[PDB]
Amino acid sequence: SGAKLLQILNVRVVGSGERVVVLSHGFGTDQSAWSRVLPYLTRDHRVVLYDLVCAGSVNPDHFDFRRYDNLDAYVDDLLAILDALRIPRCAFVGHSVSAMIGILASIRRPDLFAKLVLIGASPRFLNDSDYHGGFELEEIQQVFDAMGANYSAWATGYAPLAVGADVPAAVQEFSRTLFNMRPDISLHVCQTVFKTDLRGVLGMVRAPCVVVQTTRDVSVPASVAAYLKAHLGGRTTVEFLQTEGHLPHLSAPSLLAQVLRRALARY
């Protein structure tokens, strides 16, 4: 907690304004993934950036495998950062696992989260009886095996699929941070995400929410955005980016920045 947590998770506060925005990165990146959208926000907003404890840019000996076996422990870190910074109200932009973290955080502390922007967002990745999440159990078992048997080969193959569009600089950048993650931590985060099911709690979210949908995301079927819009408890809209990929902040930052400026205008 406190100043030590601000140090350990590389917390940075840039820009200025009464509109505070937290940018929270996803699996396989760190806060540098926001570097190209950041200049579109800092004239108008006070921006809080931090690294998840699993990021390769954080000393991996801080990663407590027992503590971080659920997403609520990541929520605890986020809340402790905002409390240490004395921030009473903010908008939160979360990618991937951070979209799940933001949902949970907005339920824990509805006073603190005035708006959510969710990128690469899903409440559940595994398929269920009448629910298409995009993944089967046997498929993820093989992914987990590949991550353990040869993490470098797995990451080399995953990076272009996650970026989706043929944007070589974005593949190189995502690869860099993926290869920066300790393989056991990377596997553990993925296992934690795949066992999370937020469907039942979506109606507890009170904050307005913008769900950013790209034209294809290897981890998020197109139908998930409509599910989130139907079930999130706040005023929710889906904003459609005119390109593909799981990491639009890396592959199409100027387009994503348009959505962010609109979504962060008033809250």
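So that there is no doubt, residue numbering starts at 1 and follows the sequence shown.
When 123-131 is weighed against 178-186, 123-131 comes out higher, by mean CA B-factor as recorded in the entry. The deposited model assigns a higher average Cα B-factor to 107-115 than to the other stretch when 93-101 and 107-115 are compared. Sorting the modelled residues of the chain by their CA temperature factor places residue 154 in the lowest third. When the modelled residues of the chain are ordered by their C-alpha B factor, residue 68 lands in the highest third. Residue 144: CA B factor lies in the highest third for its chain, per the PDB record. The PDB entry assigns residue 240 a C-alpha temperature factor belonging to the highest third of its chain's modelled residues. Per-chain ranking of the deposited C-alpha B factor places residue 214 in the lowest third.
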